[PDB]
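**Q** Following this message is one structure expressed as structure tokens.
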Amino acid sequence: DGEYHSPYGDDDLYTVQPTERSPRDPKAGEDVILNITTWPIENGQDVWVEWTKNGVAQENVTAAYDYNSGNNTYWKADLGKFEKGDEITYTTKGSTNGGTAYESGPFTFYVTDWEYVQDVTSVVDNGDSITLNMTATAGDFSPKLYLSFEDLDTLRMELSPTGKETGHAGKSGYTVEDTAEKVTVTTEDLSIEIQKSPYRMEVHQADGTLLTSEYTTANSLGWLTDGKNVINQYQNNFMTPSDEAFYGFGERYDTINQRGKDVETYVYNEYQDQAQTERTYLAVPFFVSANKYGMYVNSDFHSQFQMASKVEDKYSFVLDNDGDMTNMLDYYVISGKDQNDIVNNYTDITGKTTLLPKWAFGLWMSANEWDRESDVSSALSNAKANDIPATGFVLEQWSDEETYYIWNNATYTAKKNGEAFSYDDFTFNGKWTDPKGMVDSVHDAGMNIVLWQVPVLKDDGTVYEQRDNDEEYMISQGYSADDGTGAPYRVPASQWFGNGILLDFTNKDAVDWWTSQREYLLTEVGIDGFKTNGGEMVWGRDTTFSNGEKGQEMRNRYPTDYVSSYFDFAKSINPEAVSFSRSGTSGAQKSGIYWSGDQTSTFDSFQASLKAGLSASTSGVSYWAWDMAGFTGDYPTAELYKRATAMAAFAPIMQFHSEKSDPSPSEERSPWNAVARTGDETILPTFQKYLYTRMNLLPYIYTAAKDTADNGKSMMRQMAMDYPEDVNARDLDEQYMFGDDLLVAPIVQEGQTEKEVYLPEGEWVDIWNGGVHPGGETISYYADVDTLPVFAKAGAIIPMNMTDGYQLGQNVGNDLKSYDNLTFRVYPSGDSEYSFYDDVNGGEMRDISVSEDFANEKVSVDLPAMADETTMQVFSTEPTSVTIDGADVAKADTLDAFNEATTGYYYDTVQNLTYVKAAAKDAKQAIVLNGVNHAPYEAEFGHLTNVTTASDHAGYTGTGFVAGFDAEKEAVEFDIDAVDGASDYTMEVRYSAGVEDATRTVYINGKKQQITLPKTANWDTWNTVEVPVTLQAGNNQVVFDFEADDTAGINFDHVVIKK
Ligand SMILES: OC[C@H]1O[C@H](OC[C@H]2O[C@H](O[C@@H]3[C@@H](O)[C@@H](O)O[C@H](CO[C@H]4O[C@H](CO)[C@@H](O)[C@H](O)[C@H]4O)[C@H]3O)[C@H](O)[C@@H](O)[C@@H]2O)[C@H](O)[C@@H](O)[C@@H]1O
Ligand SMILES: OC[C@H]1O[C@H](OC[C@H]2O[C@H](O[C@H]3[C@H](O)[C@@H](O)[C@@H](O)O[C@@H]3CO)[C@H](O)[C@@H](O)[C@@H]2O)[C@H](O)[C@@H](O)[C@@H]1O
Ligand SMILES: OC[C@H]1O[C@H](OC[C@H]2O[C@H](O)[C@H](O)[C@@H](O)[C@@H]2O)[C@H](O)[C@@H](O)[C@@H]1O
Ligand SMILES: OC[C@H]1O[C@H](OC[C@H]2O[C@H](O)[C@H](O)[C@@H](O)[C@@H]2O)[C@H](O)[C@@H](O)[C@@H]1O
Ligand SMILES: OC[C@H]1O[C@H](O[C@H]2[C@H](O)[C@@H](O)[C@@H](O)O[C@@H]2CO)[C@H](O)[C@@H](O)[C@@H]1O
Ligand SMILES: [Mg+2]
Ligand SMILES: [Mg+2]
Ligand SMILES: [Mg+2]
Ligand SMILES: [Mg+2]
Ligand SMILES: [Mg+2]
């Protein structure tokens, strides 16, 4: 009773339907097979193909039995091979015993082959664009390649194979040197060297440094055509040295450096095994090379980036097209001031990140199992009882699970013709008796709530009045996409929401309707945005959208049309509304948060999540989240939960979530449930430490969020984004930069406590304890399960919201309308400046500058007008005085006195931080710390040999001192920076020698001297001896030894380097 063949199937990249044509788009010399099905299985069935070649009727092709399966027979018809330009049209047919024939088709394909640019025959400079007139290696086209400047450092190439299209205008600030053999195009930032015969482009910086170039054999640039009807693909090919690293490509789970891979720009919903399958929800045809350029292929069609995956020194892109011969290839080679500036330039092209409200940057709580008011009340109560000041709240299991815009258990008179509901239309029952009151109680807790959504109208063949009404309206209005035959497009039956009808987000009227149905959720229920899931749901080549585009072009674009439509809609009603989504392509960054999707509770998954965040970052998707510790699989171990917590608190968006809808016991990845499930009570204080730390750093984090929106600098960055020339930074995927100043190194390996941290050149200070670490090597950091290595860069100015306790990890709550103690942590190093985004006070930028002058025992802070009292925490030795506007401020002897003071200073001996309180003033204030040196290098943080630490004599700095240190083969080794370059310095050695005069031997980069340490009154008396040393650039190895000619026990507190 039937026959079926459909040449492209669902056009899936990864799989085929069993009734497709192979190849889908035949090239010259390729054997063409047609897979055909008939049903039911019967003897005496014939299957054949009726067809024409170049309009000429051919002898029928008889199909061969392939296999039987289920109710069906599958057959193969072999059409043979074809030549470039052949136009084949066929109809597949089946009948039983000479009866009624069932057929599919007709279907046409045009047989293609590659044509490439040969030579540049002439150059036409039009002032805002340059045309290169070209010959082709085959065919009769007259190609034109157009060059323009999006900016003086960003080159755009537009290729028209037929020469019938014209490129776009760019900047005029270029000069041209056109010669017989070569044309050179120059700006203040770029030198574009184009050989004419054969055509070959090299892109150089203006100083001559090569950025990238086309492949050396040339004929690199080409298009796939029958020469008459279709252009089906484009390619270009580039030369790449062995060491070149390639970053970005959207959100990638397998690796941060794609060298060696064929990367598919193809959005896909892959559950749990994204790394293994090399798939992603969020695919962007943009990469950044550590050779200091980006490349962006400007098209929504699928592309494949072959990154030294075929030939060791070649990278290529192959870009699909729908056949339209008027669609130019359009790509950019992007330079800039640095790697982050390359990202900024990319965002000039594809869209800036939209700044989200500060609440988006606190903790988000989520669990699929929350499905009733009492679950929401319990979540709020549990958060409150456990001192968890979260700011975001997600509900997934909230709706009727039919319309997805009506609360579960709500009753109402159904509405026809897609008419919208108001709040008053509903009687609220059962699980949700008062959604408005429920939302109000979330707001009372200082949280903001988002509701889960999909872009599809569900249709599983069940009867459900409202859903049925909406479907009839949607179809009659043409608010769906079209399947290509005049019927609404439905998601393929085997997929998530199979048989459902996608809303055509290209259709403004459709969007207005769809969103109107949700209006009451925003205006009356008072929600704060949507979790817009899915979107990877466009299949089929003939699927047609209101914009005239079809399924090949729209698959990658659809999720971003969907996500952006909802984001803009929610914001139009509630300016503080935030979206939380997983899928998209270039431009996704304009529309809210992206999370890394569906992963298991394992360390392998944690590793893949971090790769996903780092690649997304390079791709301009900065507001990135993950389900901390995984949302499914066996419940995370306490170790994984703690490791994930620490990293999550230092990532752009912090969010816990769980998959299961009605589990027993609870699957919540909340800290209180983690305690319950693992039995490890210490999870709670560890979680609190990290969450409170994040809240302490929220002024810094939110300023970084604004810097993303303004300047294209992502919040969390792979090391080579800041240090592209650093050979050790190239492949690192277990540490990153967070904001401008913090190097974060999470432990993402099971059982690991010795964490390698690569430190780039410069000085890095442990933010938790003041340990100093000279850059330019990989250090080993001991991190137990509760510990996260985080370091501040030299010169850092870090705004913080602190309690009167003034330590990191102390709860300041979630009231985002005020600070407790606004604080700036400062690591003085030369002259540094910072622009603080003061969201509490109308979004004023506060420009702070620090002038480090340790050589003259001074640090100066230029504080602008502020609306709040401010506390500086300056990393330094103890001042002899502090002035504000020249006037001495009072030394506070205790933290209590400091807190009570209007202005003053206090010295934290454990952290080596000077606190300075300045009153709120509507004028600039000049703060000077006098008598200060670079903070001490604590002996207890040194590399120790046969020697231990103690704290049983008062008055030390840091956490203690090295004790006794009085036998041969005992050593204390320091890694010491020069304060102001290679020079002689004075090294202060602070020690106690309670019994008798002591001596120790010191080696400074291998150069030995002996030092005399006179007796102190007793072991509770410290003294300082000044030792002349010569220090060079970089890390200076300073070794204190007890050798054979040394004498007596000492307690060794610290060293200070001064003029
Ligand atoms: O950024 C500075 C350091 O921060 C962390 O340590 C802070 C603590 O440092 C001291 O004591 C620690 C030890 O008790 C031990 O358990 O862990 C680490 C390092 O272990 C080993 O390091 C050296 C070899 O590389 C050896 O010299 C040493 O004998 C080994 O035990 C120690 O740092 C203080 O005494 C504590 O008060 C302080 O809290 C971080 O762990 C460390 O790696 C950083 O360098
Ligand atoms: O009650 C609403 C809804 O709950 C579940 O879906 C919520 C989750 O949706 C996403 O994950 C789904 C995948 O997209 C599917 O392809 C498939 O693998 O199943 C998962 C469910 O885990 C999302 O990424 C998750 O964060 C959400 O928890 C049910 O699956 C739906 O049927 C319900 O309508
Ligand atoms: O739109 C369908 C239906 O929704 C509401 O009632 C919810 C309803 O769901 C199923 O149809 C069950 O059979 C009922 O027991 C539930 O109450 C509207 O009140 C109703 O008018 C409408 O048909
Ligand atoms: O040479 C003096 C002294 O050195 C060592 O003891 C150092 C030790 O002395 C007291 O116990 C203090 O309380 C500690 O803080 C010091 O580290 C030798 O052990 C000792 O024999 C000698 O007299
Ligand atoms: O209507 C198009 C549809 O045809 C085929 O489905 C058949 C199936 O193979 C038979 O066993 C029987 O159940 O009837 C169906 C037609 O209703 C294709 O297999 C299917 O992919 C296609 O959509
Ligand atoms: Mg720029
Ligand atoms: Mg529940
Ligand atoms: Mg606050
Ligand atoms: Mg305050
Ligand atoms: Mg000390």
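Chains: A, B, ... in order of the structure tokens. Residues: from 1 per chain. Ligands: from 1, in order shown.
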For ligand 6, collect every residue having any atom at a distance of at most 9 Å from a ligand atom (counting only C-alpha atoms and all ligand atoms); output as number ranges by chain.

**A** A: 151-154, 335-337, 341-346, 348

**Q** Check every protein, DNA and RNA residue against ligand 5, keep those with an atom at most 10 Å away (counting only C-alpha atoms and all ligand atoms), and present them as a tab-separated table (two decimals) with C-alpha atoms, in the first residue's frame.

**A**
chain	number	residue	atom	x	y	z
A	1	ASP	CA	0.00	0.00	0.00
A	2	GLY	CA	2.90	2.39	-0.53
A	3	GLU	CA	6.30	3.50	-1.76
A	4	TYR	CA	8.63	6.20	-0.43
A	5	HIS	CA	11.91	7.90	-1.33
A	6	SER	CA	13.04	11.35	-0.16
A	9	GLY	CA	15.76	12.64	4.50
A	10	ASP	CA	15.80	15.02	7.46
A	17	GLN	CA	17.08	8.13	6.91
A	18	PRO	CA	16.87	4.73	5.14
A	19	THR	CA	15.23	6.16	1.98
A	36	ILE	CA	13.58	3.31	-1.75
A	37	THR	CA	11.02	1.60	0.53
A	38	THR	CA	7.80	-0.23	-0.22
A	39	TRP	CA	5.23	-1.77	2.14
A	40	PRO	CA	3.88	-4.21	3.02
A	41	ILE	CA	6.42	-6.98	2.34
A	69	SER	CA	12.69	-4.62	8.14
A	70	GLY	CA	9.39	-4.34	10.02
A	71	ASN	CA	6.53	-3.82	7.57
A	72	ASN	CA	8.89	-2.71	4.76
A	73	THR	CA	11.21	-3.72	1.95
A	74	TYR	CA	14.19	-1.51	1.20
A	104	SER	CA	7.89	9.68	-5.18
A	492	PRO	CA	10.95	14.67	13.07
A	493	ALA	CA	9.07	11.93	14.97

**Q** Could you list, as a PyMOL selection string, every residue within 8 Å of range 782-797 of chain A, counting only C-alpha atoms and ignoring same-chain residues fewer than 6 positions away?

**A** chain A and resi 639+642-643+646-647+686+741-747+753-755+762-768+824-834

**Q** I need the chosen residues saved as a short mmCIF file (atom, residue, chain, number, x, y, z; two decimals), in the first residue's frame, with N, CA and C atoms.

**A**
data_model
loop_
_atom_site.label_atom_id
_atom_site.label_comp_id
_atom_site.auth_asym_id
_atom_site.auth_seq_id
_atom_site.Cartn_x
_atom_site.Cartn_y
_atom_site.Cartn_z
N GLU A 639 33.56 15.16 47.20
CA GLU A 639 34.75 15.72 46.55
C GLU A 639 34.38 16.47 45.28
N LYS A 642 32.38 19.67 46.04
CA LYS A 642 33.22 20.74 46.60
C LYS A 642 34.10 21.38 45.53
N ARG A 643 34.68 20.55 44.65
CA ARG A 643 35.53 21.06 43.56
C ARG A 643 34.75 21.90 42.58
N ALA A 646 33.62 25.38 44.08
CA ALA A 646 34.68 26.38 44.10
C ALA A 646 34.84 27.01 42.71
N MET A 647 34.90 26.16 41.68
CA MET A 647 35.04 26.67 40.32
C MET A 647 33.79 27.51 39.94
N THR A 686 31.88 24.69 53.24
CA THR A 686 32.68 24.89 52.02
C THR A 686 31.87 25.62 50.95
N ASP A 741 41.99 40.50 36.44
CA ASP A 741 43.07 40.38 37.42
C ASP A 741 43.29 39.06 38.12
N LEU A 742 42.31 38.15 38.05
CA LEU A 742 42.37 36.94 38.88
C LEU A 742 42.68 35.76 38.03
N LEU A 743 43.70 35.01 38.45
CA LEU A 743 44.01 33.73 37.82
C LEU A 743 43.42 32.64 38.70
N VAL A 744 42.50 31.86 38.13
CA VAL A 744 41.80 30.82 38.91
C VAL A 744 42.23 29.45 38.40
N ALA A 745 42.55 28.53 39.32
CA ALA A 745 43.00 27.20 38.94
C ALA A 745 42.19 26.10 39.62
N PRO A 746 41.01 25.75 39.05
CA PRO A 746 40.21 24.75 39.76
C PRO A 746 40.84 23.36 39.67
N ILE A 747 40.51 22.51 40.63
CA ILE A 747 41.01 21.14 40.62
C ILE A 747 39.92 20.31 39.96
N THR A 753 45.28 16.61 44.89
CA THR A 753 45.53 17.67 45.87
C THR A 753 46.80 18.49 45.56
N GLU A 754 47.65 18.02 44.66
CA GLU A 754 48.79 18.84 44.23
C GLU A 754 48.47 19.43 42.86
N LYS A 755 48.10 20.70 42.85
CA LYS A 755 47.59 21.35 41.63
C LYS A 755 48.70 22.15 40.95
N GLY A 762 55.41 38.03 35.46
CA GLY A 762 54.85 39.07 36.34
C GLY A 762 54.63 38.47 37.72
N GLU A 763 54.11 39.22 38.67
CA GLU A 763 53.99 38.72 40.04
C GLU A 763 52.53 38.39 40.35
N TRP A 764 52.29 37.24 40.99
CA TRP A 764 50.95 36.75 41.31
C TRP A 764 50.85 36.55 42.81
N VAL A 765 49.78 37.05 43.42
CA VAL A 765 49.65 36.96 44.87
C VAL A 765 48.40 36.16 45.19
N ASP A 766 48.56 35.14 46.04
CA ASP A 766 47.46 34.30 46.51
C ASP A 766 46.45 35.18 47.24
N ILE A 767 45.22 35.24 46.75
CA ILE A 767 44.23 36.17 47.33
C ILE A 767 43.74 35.79 48.73
N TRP A 768 43.97 34.54 49.13
CA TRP A 768 43.44 34.01 50.38
C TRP A 768 44.37 34.28 51.55
N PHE A 824 38.43 48.14 48.42
CA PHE A 824 39.26 47.92 47.23
C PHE A 824 40.55 47.26 47.66
N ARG A 825 40.74 46.03 47.20
CA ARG A 825 41.97 45.27 47.42
C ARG A 825 42.97 45.68 46.34
N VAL A 826 44.18 46.06 46.77
CA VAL A 826 45.18 46.67 45.90
C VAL A 826 46.50 45.93 46.06
N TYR A 827 47.07 45.50 44.92
CA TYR A 827 48.40 44.90 44.87
C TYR A 827 49.30 45.87 44.12
N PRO A 828 49.95 46.82 44.86
CA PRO A 828 50.66 47.90 44.17
C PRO A 828 51.81 47.38 43.30
N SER A 829 51.85 47.90 42.08
CA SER A 829 52.91 47.60 41.11
C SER A 829 52.92 48.69 40.07
N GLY A 830 53.88 49.62 40.17
CA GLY A 830 53.91 50.79 39.30
C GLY A 830 52.61 51.57 39.36
N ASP A 831 52.20 52.12 38.21
CA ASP A 831 50.97 52.92 38.13
C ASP A 831 49.89 52.07 37.55
N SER A 832 48.80 51.91 38.29
CA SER A 832 47.67 51.18 37.78
C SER A 832 46.38 51.95 37.96
N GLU A 833 45.41 51.63 37.13
CA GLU A 833 44.14 52.35 37.13
C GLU A 833 43.02 51.36 36.94
N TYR A 834 41.85 51.71 37.45
CA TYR A 834 40.70 50.84 37.34
C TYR A 834 39.44 51.67 37.30
#

**Q** Just the residues within 7 Å of residue 846 in chain A, please, counting only C-alpha atoms, with nothing from its chain fewer than 3 positions along; format it as a tab-separated table (two decimals) with N, CA and C atoms, in the first residue's frame.

**A**
chain	number	residue	atom	x	y	z
A	835	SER	N	38.53	51.31	36.40
A	835	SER	CA	37.23	51.97	36.30
A	835	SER	C	36.19	51.06	36.93
A	836	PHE	N	35.71	51.43	38.12
A	836	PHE	CA	34.71	50.65	38.84
A	836	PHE	C	33.28	51.05	38.43
A	837	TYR	N	32.47	50.06	38.06
A	837	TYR	CA	31.07	50.26	37.75
A	837	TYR	C	30.23	50.22	39.02
A	838	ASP	N	29.85	51.40	39.50
A	838	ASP	CA	29.20	51.49	40.78
A	838	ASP	C	27.67	51.39	40.59
A	864	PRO	N	38.31	58.79	43.62
A	864	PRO	CA	37.42	59.81	43.08
A	864	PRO	C	36.31	60.10	44.10

**Q** Find the residue from A:273, A:504, A:761, A:465 that sits nearest to ligand 2; use only C-alpha atoms and all ligand atoms when measuring.

**A**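 Among A:273, A:504, A:761, A:465, it is A:273 that comes nearest to ligand 2.
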
**Q** Ligand 4: which residues are within 10 Å, counting only C-alpha atoms and all ligand atoms? Reply as a PDB file with N, CA and C atoms, in the first residue's frame.

**A**
ATOM      1  N   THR A 948      60.388  22.735  59.793  1.00  0.00           N
ATOM      2  CA  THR A 948      58.931  22.866  59.935  1.00  0.00           C
ATOM      3  C   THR A 948      58.554  24.262  60.433  1.00  0.00           C
ATOM      4  N   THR A 949      57.253  24.503  60.546  1.00  0.00           N
ATOM      5  CA  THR A 949      56.748  25.810  60.939  1.00  0.00           C
ATOM      6  C   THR A 949      56.155  25.765  62.340  1.00  0.00           C
ATOM      7  N   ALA A 950      56.064  26.934  62.970  1.00  0.00           N
ATOM      8  CA  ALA A 950      55.409  27.089  64.271  1.00  0.00           C
ATOM      9  C   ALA A 950      54.770  28.476  64.423  1.00  0.00           C
ATOM     10  N   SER A 951      54.011  28.652  65.502  1.00  0.00           N
ATOM     11  CA  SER A 951      53.337  29.915  65.783  1.00  0.00           C
ATOM     12  C   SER A 951      53.223  30.161  67.286  1.00  0.00           C
ATOM     13  N   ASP A 952      54.163  29.589  68.045  1.00  0.00           N
ATOM     14  CA  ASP A 952      54.116  29.598  69.517  1.00  0.00           C
ATOM     15  C   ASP A 952      54.899  30.742  70.192  1.00  0.00           C
ATOM     16  N   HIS A 953      55.292  31.729  69.390  1.00  0.00           N
ATOM     17  CA  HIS A 953      55.814  33.000  69.891  1.00  0.00           C
ATOM     18  C   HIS A 953      55.151  34.131  69.121  1.00  0.00           C
ATOM     19  N   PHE A 961      56.092  31.199  61.485  1.00  0.00           N
ATOM     20  CA  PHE A 961      57.528  31.282  61.224  1.00  0.00           C
ATOM     21  C   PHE A 961      58.104  29.881  61.047  1.00  0.00           C
ATOM     22  N   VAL A 962      59.298  29.809  60.469  1.00  0.00           N
ATOM     23  CA  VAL A 962      60.062  28.569  60.378  1.00  0.00           C
ATOM     24  C   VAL A 962      60.842  28.419  61.691  1.00  0.00           C
ATOM     25  N   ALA A 963      60.711  27.266  62.352  1.00  0.00           N
ATOM     26  CA  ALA A 963      61.240  27.092  63.725  1.00  0.00           C
ATOM     27  C   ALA A 963      62.586  26.361  63.817  1.00  0.00           C
ATOM     28  N   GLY A 964      63.530  26.938  64.573  1.00  0.00           N
ATOM     29  CA  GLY A 964      64.815  26.266  64.885  1.00  0.00           C
ATOM     30  C   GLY A 964      65.801  26.390  63.728  1.00  0.00           C
ATOM     31  N   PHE A 965      65.567  25.617  62.661  1.00  0.00           N
ATOM     32  CA  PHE A 965      66.299  25.776  61.408  1.00  0.00           C
ATOM     33  C   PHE A 965      67.820  25.709  61.692  1.00  0.00           C
ATOM     34  N   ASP A 966      68.202  24.724  62.513  1.00  0.00           N
ATOM     35  CA  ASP A 966      69.498  24.741  63.196  1.00  0.00           C
ATOM     36  C   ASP A 966      70.382  23.512  62.978  1.00  0.00           C
ATOM     37  N   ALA A 967      70.149  22.796  61.886  1.00  0.00           N
ATOM     38  CA  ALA A 967      70.947  21.614  61.564  1.00  0.00           C
ATOM     39  C   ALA A 967      71.342  21.654  60.099  1.00  0.00           C
ATOM     40  N   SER A 992      63.958  35.547  65.252  1.00  0.00           N
ATOM     41  CA  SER A 992      64.253  35.602  66.677  1.00  0.00           C
ATOM     42  C   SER A 992      65.402  34.634  66.974  1.00  0.00           C
ATOM     43  N   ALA A 993      66.253  35.005  67.928  1.00  0.00           N
ATOM     44  CA  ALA A 993      67.388  34.183  68.321  1.00  0.00           C
ATOM     45  C   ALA A 993      67.533  34.352  69.816  1.00  0.00           C
ATOM     46  N   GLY A 994      66.670  33.649  70.544  1.00  0.00           N
ATOM     47  CA  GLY A 994      66.523  33.801  71.993  1.00  0.00           C
ATOM     48  C   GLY A 994      67.670  33.340  72.867  1.00  0.00           C
ATOM     49  N   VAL A 995      68.559  32.495  72.341  1.00  0.00           N
ATOM     50  CA  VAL A 995      69.643  31.921  73.169  1.00  0.00           C
ATOM     51  C   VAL A 995      70.996  32.603  72.925  1.00  0.00           C
ATOM     52  N   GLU A 996      71.341  32.825  71.650  1.00  0.00           N
ATOM     53  CA  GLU A 996      72.700  33.242  71.263  1.00  0.00           C
ATOM     54  C   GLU A 996      72.748  33.744  69.813  1.00  0.00           C
ATOM     55  N   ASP A 997      73.808  34.493  69.479  1.00  0.00           N
ATOM     56  CA  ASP A 997      74.093  34.916  68.090  1.00  0.00           C
ATOM     57  C   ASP A 997      74.034  33.734  67.137  1.00  0.00           C
ATOM     58  N   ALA A 998      73.434  33.957  65.978  1.00  0.00           N
ATOM     59  CA  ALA A 998      73.331  32.914  64.977  1.00  0.00           C
ATOM     60  C   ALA A 998      73.948  33.373  63.668  1.00  0.00           C
ATOM     61  N   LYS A1015      71.836  37.765  68.803  1.00  0.00           N
ATOM     62  CA  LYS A1015      70.909  37.308  69.840  1.00  0.00           C
ATOM     63  C   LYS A1015      69.806  38.341  70.068  1.00  0.00           C
ATOM     64  N   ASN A1018      64.884  37.405  74.045  1.00  0.00           N
ATOM     65  CA  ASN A1018      64.238  36.120  74.277  1.00  0.00           C
ATOM     66  C   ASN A1018      63.542  35.677  72.990  1.00  0.00           C
ATOM     67  N   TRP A1019      62.847  34.534  73.042  1.00  0.00           N
ATOM     68  CA  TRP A1019      62.130  34.015  71.871  1.00  0.00           C
ATOM     69  C   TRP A1019      60.840  34.774  71.535  1.00  0.00           C
ATOM     70  N   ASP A1020      60.410  35.666  72.431  1.00  0.00           N
ATOM     71  CA  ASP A1020      59.262  36.529  72.153  1.00  0.00           C
ATOM     72  C   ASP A1020      59.687  37.901  71.616  1.00  0.00           C
ATOM     73  N   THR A1047      75.739  28.466  62.822  1.00  0.00           N
ATOM     74  CA  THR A1047      75.531  28.225  64.240  1.00  0.00           C
ATOM     75  C   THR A1047      74.174  28.709  64.762  1.00  0.00           C
ATOM     76  N   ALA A1048      73.666  27.980  65.762  1.00  0.00           N
ATOM     77  CA  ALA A1048      72.541  28.383  66.617  1.00  0.00           C
ATOM     78  C   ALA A1048      71.168  28.311  65.972  1.00  0.00           C
ATOM     79  N   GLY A1049      70.161  28.099  66.819  1.00  0.00           N
ATOM     80  CA  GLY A1049      68.777  28.075  66.378  1.00  0.00           C
ATOM     81  C   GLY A1049      68.210  29.468  66.246  1.00  0.00           C
ATOM     82  N   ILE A1050      67.325  29.630  65.259  1.00  0.00           N
ATOM     83  CA  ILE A1050      66.569  30.862  65.060  1.00  0.00           C
ATOM     84  C   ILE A1050      65.117  30.505  64.757  1.00  0.00           C
ATOM     85  N   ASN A1051      64.214  31.450  64.990  1.00  0.00           N
ATOM     86  CA  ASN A1051      62.884  31.390  64.382  1.00  0.00           C
ATOM     87  C   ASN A1051      62.867  32.411  63.269  1.00  0.00           C
ATOM     88  N   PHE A1052      62.424  31.987  62.091  1.00  0.00           N
ATOM     89  CA  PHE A1052      62.578  32.789  60.868  1.00  0.00           C
ATOM     90  C   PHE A1052      61.188  33.217  60.382  1.00  0.00           C
TER      91      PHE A1052
END
